[PDB]
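1. 3D, please:
(2 chains)
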Amino acid sequence: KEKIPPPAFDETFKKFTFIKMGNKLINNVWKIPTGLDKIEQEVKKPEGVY
Amino acid sequence: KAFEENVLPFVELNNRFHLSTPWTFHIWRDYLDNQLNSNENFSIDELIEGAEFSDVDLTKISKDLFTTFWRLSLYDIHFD
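-> Numbering: from 1, shown residues only, chains lettered A, B, ... in the order given. Next comes the structure:
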(Lines give C-alpha, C1' and ligand atoms only; values in the text may rest on other atoms or scores of the structure.)
Protein backbone atom coordinates (compact mmCIF):
# COMPACT_ATOMS: atom_id res chain seq x y z
CA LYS A 1 0.00 0.00 0.00
CA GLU A 2 3.00 2.20 -0.76
CA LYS A 3 2.56 5.08 -3.21
CA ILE A 4 5.48 4.80 -5.65
CA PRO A 5 6.79 8.23 -6.73
CA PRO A 6 8.21 8.82 -10.22
CA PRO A 7 12.00 8.39 -10.19
CA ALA A 8 14.38 11.29 -10.78
CA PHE A 9 17.11 10.70 -13.35
CA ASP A 10 20.15 12.98 -13.32
CA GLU A 11 20.50 14.77 -16.67
CA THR A 12 23.60 16.74 -15.63
CA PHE A 13 27.23 16.29 -16.65
CA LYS A 14 30.26 16.63 -14.40
CA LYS A 15 32.24 19.86 -14.58
CA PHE A 16 35.95 20.37 -15.23
CA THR A 17 38.74 21.73 -13.05
CA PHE A 18 41.04 24.76 -13.31
CA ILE A 19 44.09 22.59 -13.94
CA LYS A 20 44.01 22.47 -17.75
CA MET A 21 45.91 19.14 -17.86
CA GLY A 22 45.91 15.99 -15.79
CA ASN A 23 48.54 16.39 -13.09
CA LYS A 24 49.76 19.41 -11.21
CA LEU A 25 53.26 18.28 -12.20
CA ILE A 26 52.70 18.08 -15.98
CA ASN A 27 50.73 21.34 -15.77
CA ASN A 28 53.62 23.17 -14.06
CA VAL A 29 55.98 22.54 -17.00
CA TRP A 30 53.40 24.11 -19.34
CA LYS A 31 53.38 27.40 -17.42
CA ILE A 32 57.00 28.43 -18.11
CA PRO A 33 56.92 31.55 -20.32
CA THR A 34 58.78 30.74 -23.52
CA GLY A 35 59.78 33.19 -26.21
CA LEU A 36 62.61 35.23 -27.64
CA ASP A 37 62.07 38.14 -25.24
CA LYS A 38 63.03 36.07 -22.20
CA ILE A 39 66.55 35.28 -23.44
CA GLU A 40 66.92 38.98 -24.37
CA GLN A 41 66.94 40.34 -20.79
CA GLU A 42 69.29 37.66 -19.41
CA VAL A 43 72.36 37.89 -21.67
CA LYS A 44 72.03 41.69 -21.85
CA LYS A 45 75.54 42.99 -22.56
CA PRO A 46 79.00 41.34 -22.61
CA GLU A 47 80.96 44.61 -22.42
CA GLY A 48 78.95 45.45 -19.31
CA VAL A 49 80.03 42.06 -17.96
CA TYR A 50 83.62 42.41 -19.24
CA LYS B 1 65.33 29.30 -48.48
CA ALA B 2 64.39 27.23 -45.40
CA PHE B 3 67.76 28.08 -43.83
CA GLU B 4 67.00 31.79 -44.23
CA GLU B 5 63.55 31.81 -42.59
CA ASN B 6 64.51 29.70 -39.53
CA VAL B 7 67.97 30.94 -38.55
CA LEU B 8 68.06 34.61 -37.56
CA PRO B 9 70.03 37.11 -39.70
CA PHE B 10 73.69 37.93 -39.12
CA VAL B 11 72.99 41.61 -38.41
CA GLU B 12 70.90 41.07 -35.29
CA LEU B 13 72.65 37.96 -33.98
CA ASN B 14 75.33 40.48 -32.96
CA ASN B 15 73.14 43.44 -31.96
CA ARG B 16 69.97 42.35 -30.16
CA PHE B 17 71.50 39.31 -28.49
CA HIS B 18 75.25 38.92 -28.15
CA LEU B 19 76.86 35.87 -29.66
CA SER B 20 80.62 35.64 -30.16
CA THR B 21 82.38 36.11 -33.51
CA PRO B 22 83.79 32.52 -33.65
CA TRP B 23 80.24 31.29 -33.12
CA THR B 24 78.48 33.82 -35.35
CA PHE B 25 80.54 33.05 -38.45
CA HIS B 26 80.34 29.28 -37.92
CA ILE B 27 76.62 29.27 -38.71
CA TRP B 28 76.85 31.77 -41.56
CA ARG B 29 79.86 30.62 -43.61
CA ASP B 30 78.38 27.95 -45.88
CA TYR B 31 75.64 30.39 -46.91
CA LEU B 32 78.05 33.26 -47.57
CA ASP B 33 80.17 31.06 -49.85
CA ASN B 34 77.27 29.56 -51.79
CA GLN B 35 75.90 33.01 -52.62
CA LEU B 36 79.35 34.29 -53.59
CA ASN B 37 79.76 31.40 -56.02
CA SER B 38 76.23 31.83 -57.37
CA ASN B 39 76.36 35.37 -58.75
CA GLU B 40 78.98 38.10 -58.80
CA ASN B 41 76.42 40.88 -58.45
CA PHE B 42 75.59 39.37 -55.05
CA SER B 43 79.22 40.03 -54.06
CA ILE B 44 78.37 43.67 -53.30
CA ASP B 45 75.31 42.69 -51.26
CA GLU B 46 76.69 40.61 -48.39
CA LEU B 47 79.94 42.50 -47.71
CA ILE B 48 78.03 45.74 -47.25
CA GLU B 49 75.75 43.80 -44.88
CA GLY B 50 77.68 44.06 -41.63
CA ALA B 51 76.81 44.82 -38.04
CA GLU B 52 78.65 46.35 -35.10
CA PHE B 53 81.53 44.29 -33.67
CA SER B 54 81.28 44.98 -29.94
CA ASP B 55 83.40 41.95 -29.01
CA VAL B 56 86.63 42.96 -30.77
CA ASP B 57 87.99 46.47 -31.34
CA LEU B 58 87.91 47.90 -34.87
CA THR B 59 90.05 51.00 -34.33
CA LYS B 60 93.46 49.96 -35.69
CA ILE B 61 92.68 46.60 -37.26
CA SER B 62 92.36 46.36 -41.05
CA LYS B 63 88.88 45.17 -42.04
CA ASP B 64 90.48 44.12 -45.34
CA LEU B 65 91.95 41.21 -43.38
CA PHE B 66 89.63 40.84 -40.36
CA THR B 67 86.68 40.09 -42.63
CA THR B 68 88.97 38.12 -44.95
CA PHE B 69 90.31 35.88 -42.20
CA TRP B 70 86.88 34.97 -40.83
CA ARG B 71 85.27 34.29 -44.21
CA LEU B 72 87.57 31.65 -45.71
CA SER B 73 87.51 27.97 -44.80
CA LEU B 74 90.10 25.24 -45.34
CA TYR B 75 88.37 24.35 -48.63
CA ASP B 76 90.05 27.17 -50.57
CA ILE B 77 93.43 27.41 -48.83
CA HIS B 78 94.85 23.88 -49.01
CA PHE B 79 94.90 21.61 -52.06
CA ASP B 80 96.10 18.04 -52.55
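2. list the buried residues of the longest helix along chain B.
-> Scanning chain B for the longest helix, with DSSP state H as the assignment, gives helix B:63-71. Of all the residues in helix B:63-71, those buried under the rule 16 or more other C-beta atoms under 10 Å in any protein chain shown are residue B:71. All C-beta atoms are positioned from the backbone trio N, CA, C, and that covers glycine.
3. likewise stretch B:18-26?
-> B:18, B:19, B:24, B:25.
4. residue A:23 and residue A:34: what is the separation?
-> 20 Å (C-beta to C-beta, to the nearest Å).
5. interface residues of chain B facing chain A?
-> B:16, B:17, B:18, B:54, B:55 (C-beta under 8 Å from any C-beta of the partner chain).
6. give the buried subset of those residues as a ChimeraX selection command.
-> Selection of buried members from those for ChimeraX, criterion 16+ other C-beta under 10 Å:
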select /B:18
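7. tell me which residue of chain A lies closest to chain B.
-> residue A:46 (5.0 Å; C-beta to the nearest C-beta).
8. not counting sequence-adjacent ones, nearest residue to that residue?
-> The shortest distance from residue A:46 to any non-neighbouring residue, by C-beta to C-beta, 6 or more residues apart in numbering or on different chains, is to residue B:18 (5.0 Å).
9. over to residue B:20?
-> Using C-beta to C-beta, 6+ apart and skipping residues adjacent in sequence, the residue nearest residue B:20 is residue B:55, 5.9 Å away.
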